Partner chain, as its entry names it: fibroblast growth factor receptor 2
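The form deposited without its partner chain is given below as one chain in structure tokens.
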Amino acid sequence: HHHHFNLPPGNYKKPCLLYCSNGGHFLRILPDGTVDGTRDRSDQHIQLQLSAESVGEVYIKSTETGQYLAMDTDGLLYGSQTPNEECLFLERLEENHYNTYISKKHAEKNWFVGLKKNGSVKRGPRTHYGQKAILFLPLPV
């Protein structure tokens, strides 16, 4: 147990967009497996469906392509065709308001899903508690 257990209130009944308040980008998983952010709300690759594997553990998947968000051994986000250990994230409340996603596989190192102000994904080792890059708000589709 390397992290707290304050959980966000939402549910997974419907798909969502994951809005990063850092630069205001929506998390995007492209068909080729590339992950980045875009401010275009009409983009067809920003609609995501979360699901819970265990309480507080989730998969984040592209509704358009079926790919799972995953963080590799060097901290890079990618789209995975099949669910594996790199696809599980610890979903937690942060600052009594936002959702954060910590790589379960690399939880001891505090590697988060995060977007920089320019829309590029932040590599896991570059993320850490206290940054704006790691703060997301799940919006309806």
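Residue numbers count along the first chain shown, from 1.
As listed in the deposited structure, the average C-alpha B-factor of 48-56 and of 105-113 is greater for 48-56. The stretch with the higher mean CA B factor, choosing between 68-76 and 33-41, is 33-41. Sort the chain's modelled residues by C-alpha temperature factor and residue 1 lands in the highest third, per the entry. When the CA B factors of the chain's modelled residues are split into thirds, the value for residue 137 lands in the middle one.
What comes next is about the form deposited with its partner chain bound, which is not displayed.
Although the partner is absent here, residue 107 is not a contact residue: none of its heavy atoms lies within 4.5 angstroms of its partner chain in the deposited bound form. Contact check for residue 95: a non-hydrogen atom falls within 4.5 Å of its partner chain in the deposited bound form. Using a 4.5 angstroms limit between non-hydrogen atoms, residue 103 is distant from its partner chain in the deposited bound form. Residues from 26-42 that approach its partner chain in the deposited bound form with a non-hydrogen atom closer than or equal to 4.5 Å are 26, 39, 41, in the order they occur in the chain.
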